[PDB]
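Presented below, as structure tokens, is a lone chain in the form deposited in one PDB entry.
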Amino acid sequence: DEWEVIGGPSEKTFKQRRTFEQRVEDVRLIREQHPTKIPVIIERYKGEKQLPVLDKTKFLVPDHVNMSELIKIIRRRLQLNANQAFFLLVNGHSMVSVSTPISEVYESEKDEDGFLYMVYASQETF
């Protein structure tokens, strides 16, 4: 049509951009400095065509918050209504009980590198 569609370079994930050793060190440093914060990686699902992208990838989340509170925070930062379809994965798993405090989620769902990985999409499929 009237639009020139730029293809551009491919999207690379956080794990593709940093070595396992770098990420282990990243977590190590941040946990020593901010013991009450949870190191969270938040990314958009790879084939997502409806939701916008965040400006950051690495998040420090206060350990007392629950998943419900975090979900809403991410939603607001994506500037979505409470109307838009929105699903969140943690460690590749369907979202756990939303009242679970992230301190507990971290201990059970953190990656081997020490990060807690989250992925968002507009469908529950991914």
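By rigid core we mean the largest C-alpha set that fits within 1.5 Å across both forms. Numbers follow the displayed sequence, beginning with 1. Only residues modelled in both forms are compared.
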- Query: Would 88 to 96 or 41 to 49 have the larger average of its C-alpha temperature factors, as given in the entry?
  - Reply: 88 to 96
- Task: Can you let me know which of the two, 64 to 72 or 77 to 85, has the higher average C-alpha B-factor in the entry?
- Result: 77 to 85
- Query: Based on the entry's values, in what third of the chain does the Cα temperature factor of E109 lie: lowest, middle or highest?
  - Reply: lowest
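A second form of this protein, the form deposited with a partner chain bound, is not displayed here; the remarks below concern that form.
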- Message: I'd like to know whether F115 contacts its partner chain in the bound PDB entry, with contact meaning heavy atoms within 4.5 angstroms.
- Response: yes
- Query: Taking 4.5 angstroms as the cut-off for heavy atoms, does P101 touch its partner chain in the bound PDB entry?
  - Reply: no
- Item | Contact flag, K49 vs its partner chain in the bound PDB entry, heavy atom cut 4.5 Å | no
- If you fit the rigid core between this form and the one not shown, which of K56, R76, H64, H93 ends up with a C-alpha shift of 2 Å or more? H93
- Task: Enumerate, in order of sequence, every stretch of at least three consecutive residues present in both forms where each C-alpha is displaced by 2 angstroms or more between this form and the one not shown, superposition done on the rigid core.
- Result: 91 to 94
